[PDB]
Amino acid sequence: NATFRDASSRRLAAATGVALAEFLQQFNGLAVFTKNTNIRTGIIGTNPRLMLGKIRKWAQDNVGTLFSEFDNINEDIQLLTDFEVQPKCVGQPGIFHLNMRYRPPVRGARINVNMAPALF
Amino acid sequence: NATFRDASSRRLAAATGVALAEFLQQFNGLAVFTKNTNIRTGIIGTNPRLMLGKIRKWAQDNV
Amino acid sequence: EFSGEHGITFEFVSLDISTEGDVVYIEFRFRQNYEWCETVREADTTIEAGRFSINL
Amino acid sequence: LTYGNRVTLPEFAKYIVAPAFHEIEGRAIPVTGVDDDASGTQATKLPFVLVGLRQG
Amino acid sequence: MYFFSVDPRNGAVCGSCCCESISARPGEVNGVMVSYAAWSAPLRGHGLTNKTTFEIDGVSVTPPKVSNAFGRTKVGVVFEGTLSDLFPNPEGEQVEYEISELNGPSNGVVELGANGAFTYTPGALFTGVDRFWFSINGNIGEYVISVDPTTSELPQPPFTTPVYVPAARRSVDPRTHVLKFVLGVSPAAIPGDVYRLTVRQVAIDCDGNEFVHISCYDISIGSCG
Amino acid sequence: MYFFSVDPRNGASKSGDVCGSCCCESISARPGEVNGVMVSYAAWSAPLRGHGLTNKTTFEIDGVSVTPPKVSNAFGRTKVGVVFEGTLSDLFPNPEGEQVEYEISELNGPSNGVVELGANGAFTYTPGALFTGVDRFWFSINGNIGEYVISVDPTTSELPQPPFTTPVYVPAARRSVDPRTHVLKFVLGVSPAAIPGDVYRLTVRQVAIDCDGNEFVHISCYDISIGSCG
Amino acid sequence: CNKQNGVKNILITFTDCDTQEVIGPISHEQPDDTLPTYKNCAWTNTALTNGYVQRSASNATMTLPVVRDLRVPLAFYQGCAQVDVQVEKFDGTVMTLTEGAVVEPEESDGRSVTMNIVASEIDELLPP
Amino acid sequence: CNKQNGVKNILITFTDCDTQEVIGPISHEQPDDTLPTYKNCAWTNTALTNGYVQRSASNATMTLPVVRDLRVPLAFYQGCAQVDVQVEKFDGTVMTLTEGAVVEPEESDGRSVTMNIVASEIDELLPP
Amino acid sequence: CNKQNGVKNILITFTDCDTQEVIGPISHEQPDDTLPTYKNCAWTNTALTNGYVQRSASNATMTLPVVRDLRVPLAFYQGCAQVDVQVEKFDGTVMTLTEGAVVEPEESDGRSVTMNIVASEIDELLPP
Amino acid sequence: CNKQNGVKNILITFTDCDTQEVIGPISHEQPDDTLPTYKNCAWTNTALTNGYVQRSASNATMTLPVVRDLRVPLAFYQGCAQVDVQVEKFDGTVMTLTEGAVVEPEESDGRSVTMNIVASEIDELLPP
């Protein structure tokens with residue numbers, strides 16, 4: 001599990017955690033339509049798909065500095081609503097599930113040298 | 001409250017009062033359509049809304 | 001006068017007159033433009049706040 | 001009045017046509033079609049004004 | 001009317017630990033509604049039951065300065081009392097007393113004398129309990145009087161706590177999963193104090209078993225609204 | 001209510017196995033709560049065209065982090081109608097008796113009686129008239145919570161023994177399985193004596209059935225995290 | 001909602017830039033169905049590379065067609081007179097403009113002019 | 001299949017770069033049948049000789065017409081504020097543009113603006 | 001906001017080297033889209049042979065076009081008074097230059113001058 | 001993609017040769033479509049008569065425009081700091097240069113500088 005080896009990886013992971021935590025808070029209030037998925041005209045609101053888009057955009061800026069490359073962005077970042085996963089009996093608007101894929105930025109390591117002398 | 005603390009503030013308030021007065025002086029001897037505001041073509045007229053507009057304009061200018 | 005009172009304007013299109021016996025029919029044809037408003041204007045699905053997070 | 005950006009026939013007939021000519025005693029009748037019936041819409045005494053939608 | 005929604009227990013305002021927030025002004029008696037609809041509706045059953053339990057704890061109290069006092073007079077007879085031995089007035093200070101007309105007696109009239117004296121004339125043909133709220137130099141306390149129906153006596157009621165929930169004013173709506181209850185705040189509650197109310201509501205399934213749920217709210221006694 | 005979807009045991013995986021999985025689903029619990037859990041075997045038993053599940057589920061509670069309690073529990077006995085007296089001081093083996101504050105939280109008080117706490121570790125339990133059974137109440141010595149059971153016989157001889165309910169438990173018979181939709185329901189009760197921060201592991205062994213009466217066993221785990229304020 | 005688009009009142013004040021004599025404010029009437037146009041921001045932008053942008057200073061403009069008033073000379077519309085204009089729409093919006101200057105005069109016929117006013121800043125009053 | 005083309009939701013977030021105030025995200029409505037146009041590749045190409053090409057750096061552009069909301073000032077659409085826009089078509093596609101800037105503002109009449117937004121990069125979601 | 005290449009404030013303080021009077025600090029406005037240009041390194045270089053270079057002493061230069069303020073005489077911009085200039089860009093950078101001297105004045109029309117200021121050293125602030 | 005001409009990566013390392021402090025290697029971005037220019041042979045030739053030529057010693061030259069990085073002071077680009085540069089094009093070539101010295105500093109505006117680096121020798125890495 002190479003990922004959680006260096007302490008650098010751990011500190012950067014904590015940094016991404018606190019950054020995303022202090023970032024998501026602009027989705028408080030908002031109002032998130034989840035049945036008609038059609039925000040009206042003149043009312044501040046967002047749709048789960050729009051939220052996923054926002055999250056992706058965000059995760060596509062801190063890349064290189066906090067994350068590294070996000071191989072398959074279509075799968076590493078997933079946002080599933082409560083109703084989506086749970087067959088609708090036990091569903092309740094407001095609950096969402098976000099899951100990402102942390103990949104510490106690759107660092108330098110050993111550089112094996114094989115200098116082989118000769119004449120002329 | 002600190003608005004009218006410095007004497008300078010008071011003097012500035014006076015300077016603004018006299019300027020505002022001389023400004024408002026233009027709003028004399030004209031009409032004020034205030035029910036069916038549709039000021040006819042070729043008449044020197046105004047309505048409260050246009051007044052508020054011009055006042056806000058002057059204010060935002062002198063800022 | 002009504003347009004000035006409420007801000008609603010109509011279009012004039014044509015005027016036809018025609019008589020019959022002792023009556024004259026004077027026929028105006030007006031046309032009125034507007035935009036229809038969605039009325040549903042209901043309450044929102046939820047109210048956001050608290051989400052969730054698993055940055056495994 | 002309903003429909004803030006519009007005026008439905010009844011409102012037209014009672015607020016624009018009525019306060020106009022006083023020789024029609026408020027007989028500004030809103031009809032469905034102006035030619036929906038010529039045998040019924042010719043009984044109201046003279047004069048009088050009809051108001052009806054042609055096509056939307 | 002406060003309106004709160006319960007978490008449906010999926011691990012899905014933490015504030016400090018978990019508990020919610022409720023502002024309150026001294027003297028008011030407000031109403032709160034909490035909707036268990038989110039928690040009890042997936043558990044398809046017979047809704048809630050009338051077995052709520054409330055508990056009040058103070059995390060900031062500011063111990064009172066003035067003290068309270070009791071009284072056990074009889075019917076129709078006038079009562080006399082003092083108001084000087086209540087405030088310990090530690091540092092030399094005027095003992096100026098006052099009887100607020102907002103929180104005066106309920107079936108009588110007091111007569112504040114010149115030096116902490118008061119004469120309570122109970123209403124004719126009346127037997128029971130009565131209270132009033134005095135303010136000795138800004139600090140507020142209560143005086144309770146028990147008028148007795150001339151036979152022997154009358155029991156002793158408990159001095160009302162700063163923040164309380166009335167004995168029997170709670171209700172549950174099983175068709176909508178809504179609990180209604182009342183929040184009473186004594187006029188003696190000192191602004192800035194913070195109390196904690198914990199509730200333990202039980203829902204029920206179609207067979208007669210139980211489902212427990214526990215929550216808190218932090219009542220902040222604030223002055224000026 | 002918790003609702004979990006079981007793994008399908010077919011080829012690829014599910015639920016964040018992206019970088020592996022904690023291997024157990026998670027269940028947040030608060031001391032005193034009694035919640036309900038539903039597990040949907042539709043992902044695993046539906047491809048097995050047969051008669052769905054059966055009523056042959058079995059559970060197991062194992063603690064991975066317990067933090068053994070400070071105050072021990074105790075057991076009492078009394079006949080019907082006769083009042084019970086008891087002590088509350090020998091249940092707290094301490095290094096100092098600093099300010100021991102015997103406290104009976106009303107939220108988990110008695111069920112068919114009343115208790116009058118004494119001044120110093122004494123209490124008087126008056127059982128309800130015309131009643132015989134088991135009755136418990138949860139005391140709190142210096143923050144540390146324990147339970148006292150005073151089960152009452154109808155003065156015949158005695159009730160044998162209550163089982164001294166564990167911090168986390170699953171009731172004996174409140175489970176059910178719906179073979180029409182492949183869902184198993186069971187209730188999860190956690191005693192008020194659970195310590196915040198503890199971690200238990202509940203393993204569930206559920207058996208389905210084919211069209212001819214044979215068996216297909218499936219095993220899952222869940223980590224119960226006891227957190228106060230939740 | 002959004003009541004019908006269209007203009008309701010147009011006020012214009014002329015001040016000759018030589019004798020400093022003032023005329024108005026006079027009303028006017030639209031010659032057709034088209035509406036005046038606007039640009040409020042006094043800072044145009046220019047597309048740099050890689051998402052950046054150069055924010056330079058510029059002027060708030062306004063294009064407005066009106067019917068010539070038969071008591072004001074045509075020169076006062078062609079850019080020989082400092083103008084102050086105000087427009088008010090049906091929905092409640094009003095756009096005021098002071099010390100305007102008719103720039104780039106366009107040949108007219110004597111009954112319908114299209115003035116390209118340039119001013120330092122145009123002020124709104126977004127409806128209630 | 002290819003569900004019918006068209007826009008369904010337009011979210012815009014205004015941020016003034018003078019007072020640091022934020023407004024939104026407010027939804028808007030399309031004024032006509034024209035659709036917002038996009039360009040994601042931030043590198044333009046130029047035709048050299050014999051199949052070659054000079055690949056240089058450039059921006060990600062966006063063309064969006066919307067009806068002005070009668071609560072946000074018009075200047076915020078003519079390039080006086082940083083915009084954060086989000087579109088969603090009917091087929092599921094959603095395109096996000098953050099911290100963009102309105103470049104080369106055009107005259108508007110007060111009810112329908114056409115913003116030419118420029119930004120560093122636009123992200124696409126590609127419905128499942 | 002970030003990513004906006006442009007000037008926001010230009011402060012100039014004039015001091016007459018004859019009467020020792022001081023005027024300012026007065027704000028100014030850009031006359032066009034051109035930005036003030038800078039050179040901080042006070043050492044010019046010259047290309048010698050084989051990778052070497054002759055590092056000699058030189059001055060810190062500045063090129064600044066501004067609209068003449070109708071209260072300060074034109075002579076103060078044509079190199080007849082010591083100037084103290086201070087600029088701020090939109091991205092936070094602010095450059096200060098004290099006791100500069102206008103060198104090689106150019107012809108002007110009375111409304112837009114272009115000052116070639118020379119000074120000992122210019123300091124940058126490098127927004128956080 | 002084996003054809004497209006243009007620059008892909010630019011690395012720059014600053015070392016101020018008084019305090020002997022090193023910064024980098026920091027990346028950079030082209031400001032426009034133009035590309036850096038090079039000259040590797042340190043022996044310029046001069047045309048004599050009748051087919052001969054005088055072969056003198058000179059410098060490896062390089063001309064490079066970049067966007068100033070808002071964490072490095074502008075002086076380090078104007079020639080008050082030794083630079084070590086590396087450019088990598090799309091076709092695989094890389095050009096490295098060590099112990100460079102910005103010669104003939106050109107007036108810049110604070111966001112786009114054009115450095116004339118002179119060094120003893122530039123190295124190639126002709127794509128495989």
# chains A, B, ... in the order shown; residues from 1 in each chain; ligands from 1

call {"tool": "calpha_fit_rmsd", "arguments": {"fixed": "chain G", "moving": "chain J"}}
result
0.9 Å

call {"tool": "select_by_dssp", "arguments": {"residues": "chain H", "states": "strand (DSSP E)", "output": "number ranges by chain"}}
result
H: 7-15, 22-28, 37-38, 45-47, 53-55, 60-66, 82-89, 94-102, 113-119, 123-124

call {"tool": "residues_around", "arguments": {"residues": "residue 32 (chain I)", "least_positions_apart": "2", "cutoff": "8 Å", "atoms": "only C-alpha atoms", "output": "ChimeraX atom specification"}}
result
/G:56-57 /I:30,34

call {"tool": "write_last_selection", "arguments": {"atoms": "N, CA and C atoms", "output": "JSON list (two decimals), in the first residue's frame"}}
result
[["chain", "number", "residue", "atom", "x", "y", "z"],
["G", 56, "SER", "N", -8.36, 47.22, -18.97],
["G", 56, "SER", "CA", -8.04, 48.61, -19.25],
["G", 56, "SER", "C", -9.27, 49.48, -19.03],
["G", 57, "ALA", "N", -9.04, 50.79, -19.03],
["G", 57, "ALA", "CA", -10.12, 51.74, -18.81],
["G", 57, "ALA", "C", -10.82, 52.07, -20.11],
["I", 30, "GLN", "N", -5.14, 56.34, -16.22],
["I", 30, "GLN", "CA", -4.49, 55.92, -17.45],
["I", 30, "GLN", "C", -5.19, 56.57, -18.65],
["I", 34, "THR", "N", -2.32, 51.12, -22.69],
["I", 34, "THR", "CA", -0.92, 50.83, -22.39],
["I", 34, "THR", "C", -0.67, 50.92, -20.89]]

call {"tool": "atom_distance", "arguments": {"atom1": "CA of residue 123 (chain E)", "atom2": "CA of residue 84 (chain E)"}}
result
25.2 Å

call {"tool": "interface_residues", "arguments": {"of": "chain G", "to": "chain J", "cutoff": "10 Å", "atoms": "only C-alpha atoms", "output": "ChimeraX atom specification"}}
result
/G:48-50,52

call {"tool": "interface_residues", "arguments": {"of": "chain B", "to": "chain G", "cutoff": "12 Å", "atoms": "only C-alpha atoms", "output": "number ranges by chain"}}
result
B: 26-31, 33, 36-61

call {"tool": "write_last_selection", "arguments": {"atoms": "C-alpha atoms", "output": "PDB file, in the first residue's frame"}}
result
ATOM      1  CA  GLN B  26     -32.916  72.691 -10.917  1.00  0.00           C
ATOM      2  CA  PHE B  27     -36.056  70.781  -9.890  1.00  0.00           C
ATOM      3  CA  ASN B  28     -38.196  73.937  -9.936  1.00  0.00           C
ATOM      4  CA  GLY B  29     -41.083  74.929 -12.180  1.00  0.00           C
ATOM      5  CA  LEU B  30     -41.751  71.629 -13.930  1.00  0.00           C
ATOM      6  CA  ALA B  31     -44.456  68.960 -13.791  1.00  0.00           C
ATOM      7  CA  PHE B  33     -46.753  63.117 -13.355  1.00  0.00           C
ATOM      8  CA  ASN B  36     -50.216  57.687 -14.971  1.00  0.00           C
ATOM      9  CA  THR B  37     -46.544  58.447 -15.527  1.00  0.00           C
ATOM     10  CA  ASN B  38     -46.383  58.638 -19.327  1.00  0.00           C
ATOM     11  CA  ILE B  39     -44.788  62.082 -19.709  1.00  0.00           C
ATOM     12  CA  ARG B  40     -46.051  63.377 -23.028  1.00  0.00           C
ATOM     13  CA  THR B  41     -43.816  64.222 -25.954  1.00  0.00           C
ATOM     14  CA  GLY B  42     -42.547  67.779 -25.827  1.00  0.00           C
ATOM     15  CA  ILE B  43     -43.328  68.714 -22.215  1.00  0.00           C
ATOM     16  CA  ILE B  44     -40.875  69.528 -19.423  1.00  0.00           C
ATOM     17  CA  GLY B  45     -41.991  66.895 -16.938  1.00  0.00           C
ATOM     18  CA  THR B  46     -40.780  64.284 -14.491  1.00  0.00           C
ATOM     19  CA  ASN B  47     -42.040  61.632 -12.099  1.00  0.00           C
ATOM     20  CA  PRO B  48     -40.835  60.592  -8.596  1.00  0.00           C
ATOM     21  CA  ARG B  49     -38.884  57.633  -9.976  1.00  0.00           C
ATOM     22  CA  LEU B  50     -36.810  59.760 -12.360  1.00  0.00           C
ATOM     23  CA  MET B  51     -36.200  62.169  -9.475  1.00  0.00           C
ATOM     24  CA  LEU B  52     -34.867  59.346  -7.300  1.00  0.00           C
ATOM     25  CA  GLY B  53     -32.725  58.264 -10.236  1.00  0.00           C
ATOM     26  CA  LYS B  54     -31.137  61.678 -10.700  1.00  0.00           C
ATOM     27  CA  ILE B  55     -30.606  62.073  -6.945  1.00  0.00           C
ATOM     28  CA  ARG B  56     -28.831  58.721  -6.685  1.00  0.00           C
ATOM     29  CA  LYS B  57     -26.764  59.710  -9.718  1.00  0.00           C
ATOM     30  CA  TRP B  58     -25.599  62.971  -8.138  1.00  0.00           C
ATOM     31  CA  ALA B  59     -24.853  61.194  -4.855  1.00  0.00           C
ATOM     32  CA  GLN B  60     -22.850  58.374  -6.449  1.00  0.00           C
ATOM     33  CA  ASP B  61     -20.941  61.043  -8.389  1.00  0.00           C
TER      34      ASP B  61
END

call {"tool": "closest_residue", "arguments": {"among": "C:14, C:9, C:32, C:3", "to": "residue 56 (chain D)", "atoms": "only C-alpha atoms"}}
result
C:32

call {"tool": "interface_residues", "arguments": {"of": "chain E", "to": "chain A", "cutoff": "10 Å", "atoms": "only C-alpha atoms", "output": "number ranges by chain"}}
result
E: 8, 10-12, 38-39, 41-44

call {"tool": "atom_distance", "arguments": {"atom1": "CA of residue 90 (chain J)", "atom2": "CA of residue 55 (chain H)"}}
result
8.8 Å

call {"tool": "atom_distance", "arguments": {"atom1": "CA of residue 103 (chain E)", "atom2": "CA of residue 2 (chain E)"}}
result
24.5 Å

call {"tool": "interface_residues", "arguments": {"of": "chain A", "to": "chain H", "cutoff": "9 Å", "atoms": "only C-alpha atoms", "output": "PyMOL selection string"}}
result
chain A and resi 30+37-46+49-50+52-54+56-57+60+74

call {"tool": "select_by_dssp", "arguments": {"residues": "region 3-120 of chain A", "states": "alpha helix (DSSP H)", "output": "PDB file with N, CA and C atoms, in the first residue's frame"}}
result
ATOM      1  N   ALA A   7       5.691  10.210   5.488  1.00  0.00           N
ATOM      2  CA  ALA A   7       4.973  11.152   6.339  1.00  0.00           C
ATOM      3  C   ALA A   7       4.454  12.326   5.521  1.00  0.00           C
ATOM      4  N   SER A   8       5.217  12.735   4.506  1.00  0.00           N
ATOM      5  CA  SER A   8       4.773  13.749   3.559  1.00  0.00           C
ATOM      6  C   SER A   8       3.388  13.435   3.015  1.00  0.00           C
ATOM      7  N   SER A   9       3.193  12.194   2.566  1.00  0.00           N
ATOM      8  CA  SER A   9       1.884  11.759   2.092  1.00  0.00           C
ATOM      9  C   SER A   9       0.805  12.005   3.136  1.00  0.00           C
ATOM     10  N   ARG A  10       1.097  11.674   4.396  1.00  0.00           N
ATOM     11  CA  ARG A  10       0.098  11.819   5.450  1.00  0.00           C
ATOM     12  C   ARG A  10      -0.242  13.284   5.705  1.00  0.00           C
ATOM     13  N   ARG A  11       0.774  14.145   5.757  1.00  0.00           N
ATOM     14  CA  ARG A  11       0.521  15.562   6.000  1.00  0.00           C
ATOM     15  C   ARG A  11      -0.245  16.184   4.842  1.00  0.00           C
ATOM     16  N   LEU A  12       0.122  15.833   3.608  1.00  0.00           N
ATOM     17  CA  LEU A  12      -0.617  16.348   2.461  1.00  0.00           C
ATOM     18  C   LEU A  12      -2.044  15.820   2.438  1.00  0.00           C
ATOM     19  N   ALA A  13      -2.262  14.586   2.894  1.00  0.00           N
ATOM     20  CA  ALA A  13      -3.618  14.052   2.954  1.00  0.00           C
ATOM     21  C   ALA A  13      -4.455  14.815   3.968  1.00  0.00           C
ATOM     22  N   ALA A  14      -3.874  15.106   5.131  1.00  0.00           N
ATOM     23  CA  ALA A  14      -4.567  15.950   6.100  1.00  0.00           C
ATOM     24  C   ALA A  14      -4.863  17.324   5.514  1.00  0.00           C
ATOM     25  N   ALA A  15      -3.928  17.858   4.728  1.00  0.00           N
ATOM     26  CA  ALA A  15      -4.134  19.162   4.108  1.00  0.00           C
ATOM     27  C   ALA A  15      -5.314  19.129   3.146  1.00  0.00           C
ATOM     28  N   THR A  16      -5.380  18.103   2.295  1.00  0.00           N
ATOM     29  CA  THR A  16      -6.524  17.975   1.393  1.00  0.00           C
ATOM     30  C   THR A  16      -7.818  17.805   2.171  1.00  0.00           C
ATOM     31  N   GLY A  17      -7.779  17.045   3.266  1.00  0.00           N
ATOM     32  CA  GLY A  17      -8.977  16.876   4.069  1.00  0.00           C
ATOM     33  C   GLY A  17      -9.499  18.195   4.605  1.00  0.00           C
ATOM     34  N   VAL A  18      -8.620  18.980   5.231  1.00  0.00           N
ATOM     35  CA  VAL A  18      -9.069  20.244   5.808  1.00  0.00           C
ATOM     36  C   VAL A  18      -9.454  21.231   4.711  1.00  0.00           C
ATOM     37  N   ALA A  19      -8.777  21.182   3.559  1.00  0.00           N
ATOM     38  CA  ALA A  19      -9.118  22.085   2.465  1.00  0.00           C
ATOM     39  C   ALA A  19     -10.500  21.776   1.908  1.00  0.00           C
ATOM     40  N   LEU A  20     -10.774  20.503   1.621  1.00  0.00           N
ATOM     41  CA  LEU A  20     -12.098  20.132   1.139  1.00  0.00           C
ATOM     42  C   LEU A  20     -13.169  20.413   2.183  1.00  0.00           C
ATOM     43  N   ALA A  21     -12.850  20.230   3.467  1.00  0.00           N
ATOM     44  CA  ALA A  21     -13.828  20.520   4.510  1.00  0.00           C
ATOM     45  C   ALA A  21     -14.175  22.002   4.537  1.00  0.00           C
ATOM     46  N   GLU A  22     -13.161  22.869   4.520  1.00  0.00           N
ATOM     47  CA  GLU A  22     -13.413  24.304   4.523  1.00  0.00           C
ATOM     48  C   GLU A  22     -13.929  24.810   3.183  1.00  0.00           C
ATOM     49  N   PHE A  23     -13.865  23.993   2.134  1.00  0.00           N
ATOM     50  CA  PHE A  23     -14.366  24.371   0.819  1.00  0.00           C
ATOM     51  C   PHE A  23     -15.843  24.028   0.650  1.00  0.00           C
ATOM     52  N   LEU A  24     -16.231  22.805   1.005  1.00  0.00           N
ATOM     53  CA  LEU A  24     -17.603  22.333   0.840  1.00  0.00           C
ATOM     54  C   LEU A  24     -18.638  23.232   1.505  1.00  0.00           C
ATOM     55  N   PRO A  48     -27.762  17.644  -7.821  1.00  0.00           N
ATOM     56  CA  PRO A  48     -26.667  16.707  -7.528  1.00  0.00           C
ATOM     57  C   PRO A  48     -25.611  16.604  -8.618  1.00  0.00           C
ATOM     58  N   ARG A  49     -26.046  16.561  -9.876  1.00  0.00           N
ATOM     59  CA  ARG A  49     -25.107  16.530 -10.992  1.00  0.00           C
ATOM     60  C   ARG A  49     -24.229  17.776 -11.001  1.00  0.00           C
ATOM     61  N   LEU A  50     -24.848  18.947 -10.839  1.00  0.00           N
ATOM     62  CA  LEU A  50     -24.101  20.197 -10.748  1.00  0.00           C
ATOM     63  C   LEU A  50     -23.091  20.162  -9.607  1.00  0.00           C
ATOM     64  N   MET A  51     -23.497  19.616  -8.460  1.00  0.00           N
ATOM     65  CA  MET A  51     -22.597  19.494  -7.320  1.00  0.00           C
ATOM     66  C   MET A  51     -21.394  18.621  -7.657  1.00  0.00           C
ATOM     67  N   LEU A  52     -21.647  17.478  -8.297  1.00  0.00           N
ATOM     68  CA  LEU A  52     -20.556  16.607  -8.723  1.00  0.00           C
ATOM     69  C   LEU A  52     -19.619  17.333  -9.679  1.00  0.00           C
ATOM     70  N   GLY A  53     -20.182  18.096 -10.610  1.00  0.00           N
ATOM     71  CA  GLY A  53     -19.394  18.899 -11.525  1.00  0.00           C
ATOM     72  C   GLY A  53     -18.485  19.871 -10.805  1.00  0.00           C
ATOM     73  N   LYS A  54     -19.050  20.598  -9.845  1.00  0.00           N
ATOM     74  CA  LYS A  54     -18.285  21.519  -9.012  1.00  0.00           C
ATOM     75  C   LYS A  54     -17.135  20.811  -8.309  1.00  0.00           C
ATOM     76  N   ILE A  55     -17.434  19.690  -7.650  1.00  0.00           N
ATOM     77  CA  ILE A  55     -16.430  18.911  -6.931  1.00  0.00           C
ATOM     78  C   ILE A  55     -15.303  18.511  -7.871  1.00  0.00           C
ATOM     79  N   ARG A  56     -15.660  18.047  -9.067  1.00  0.00           N
ATOM     80  CA  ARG A  56     -14.666  17.625 -10.045  1.00  0.00           C
ATOM     81  C   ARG A  56     -13.785  18.792 -10.461  1.00  0.00           C
ATOM     82  N   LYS A  57     -14.405  19.910 -10.832  1.00  0.00           N
ATOM     83  CA  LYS A  57     -13.663  21.119 -11.167  1.00  0.00           C
ATOM     84  C   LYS A  57     -12.658  21.448 -10.073  1.00  0.00           C
ATOM     85  N   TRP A  58     -13.116  21.468  -8.821  1.00  0.00           N
ATOM     86  CA  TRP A  58     -12.225  21.706  -7.692  1.00  0.00           C
ATOM     87  C   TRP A  58     -11.050  20.737  -7.689  1.00  0.00           C
ATOM     88  N   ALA A  59     -11.348  19.442  -7.764  1.00  0.00           N
ATOM     89  CA  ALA A  59     -10.314  18.416  -7.703  1.00  0.00           C
ATOM     90  C   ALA A  59      -9.415  18.441  -8.931  1.00  0.00           C
ATOM     91  N   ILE A  73     -10.637  10.208 -13.913  1.00  0.00           N
ATOM     92  CA  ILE A  73     -11.429  11.166 -13.147  1.00  0.00           C
ATOM     93  C   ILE A  73     -12.891  10.746 -13.115  1.00  0.00           C
ATOM     94  N   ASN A  74     -13.346  10.045 -14.155  1.00  0.00           N
ATOM     95  CA  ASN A  74     -14.733   9.595 -14.211  1.00  0.00           C
ATOM     96  C   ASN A  74     -15.083   8.609 -13.107  1.00  0.00           C
ATOM     97  N   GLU A  75     -14.098   8.010 -12.453  1.00  0.00           N
ATOM     98  CA  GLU A  75     -14.353   6.996 -11.440  1.00  0.00           C
ATOM     99  C   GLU A  75     -13.744   7.329 -10.090  1.00  0.00           C
ATOM    100  N   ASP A  76     -12.620   8.048 -10.064  1.00  0.00           N
ATOM    101  CA  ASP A  76     -11.974   8.358  -8.795  1.00  0.00           C
ATOM    102  C   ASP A  76     -12.853   9.223  -7.903  1.00  0.00           C
ATOM    103  N   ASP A  82     -28.444   9.957  -1.479  1.00  0.00           N
ATOM    104  CA  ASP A  82     -29.107   8.981  -0.624  1.00  0.00           C
ATOM    105  C   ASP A  82     -30.104   8.124  -1.402  1.00  0.00           C
ATOM    106  N   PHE A  83     -30.976   8.771  -2.180  1.00  0.00           N
ATOM    107  CA  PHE A  83     -32.010   8.044  -2.911  1.00  0.00           C
ATOM    108  C   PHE A  83     -31.412   7.144  -3.987  1.00  0.00           C
ATOM    109  N   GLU A  84     -30.325   7.586  -4.620  1.00  0.00           N
ATOM    110  CA  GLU A  84     -29.714   6.810  -5.695  1.00  0.00           C
ATOM    111  C   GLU A  84     -29.385   5.386  -5.261  1.00  0.00           C
ATOM    112  N   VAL A  85     -28.534   5.237  -4.251  1.00  0.00           N
ATOM    113  CA  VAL A  85     -28.091   3.908  -3.843  1.00  0.00           C
ATOM    114  C   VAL A  85     -29.235   3.150  -3.178  1.00  0.00           C
TER     115      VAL A  85
END

call {"tool": "residues_around", "arguments": {"residues": "residue 78 (chain E)", "least_positions_apart": "3", "cutoff": "9 Å", "atoms": "only C-alpha atoms", "output": "MDAnalysis selection string"}}
result
chainID E and resid 73:75 119:122

call {"tool": "residues_around", "arguments": {"residues": "residue 162 (chain E)", "least_positions_apart": "3", "cutoff": "6 Å", "atoms": "only C-alpha atoms", "output": "list in words"}}
result
residues 185, 186 and 189 of chain E

call {"tool": "write_last_selection", "arguments": {"atoms": "N, CA, C and O atoms", "output": "PDB file, in the first residue's frame"}}
result
ATOM      1  N   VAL E 185     -39.346  29.574  30.848  1.00  0.00           N
ATOM      2  CA  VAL E 185     -38.151  30.217  31.377  1.00  0.00           C
ATOM      3  C   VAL E 185     -38.562  31.110  32.535  1.00  0.00           C
ATOM      4  O   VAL E 185     -39.396  32.007  32.369  1.00  0.00           O
ATOM      5  N   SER E 186     -37.977  30.861  33.702  1.00  0.00           N
ATOM      6  CA  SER E 186     -38.248  31.692  34.859  1.00  0.00           C
ATOM      7  C   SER E 186     -37.721  33.108  34.635  1.00  0.00           C
ATOM      8  O   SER E 186     -36.702  33.303  33.967  1.00  0.00           O
ATOM      9  N   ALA E 189     -33.999  33.692  35.608  1.00  0.00           N
ATOM     10  CA  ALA E 189     -32.876  33.206  34.821  1.00  0.00           C
ATOM     11  C   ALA E 189     -31.944  34.360  34.477  1.00  0.00           C
ATOM     12  O   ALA E 189     -32.375  35.385  33.942  1.00  0.00           O
TER      13      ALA E 189
END
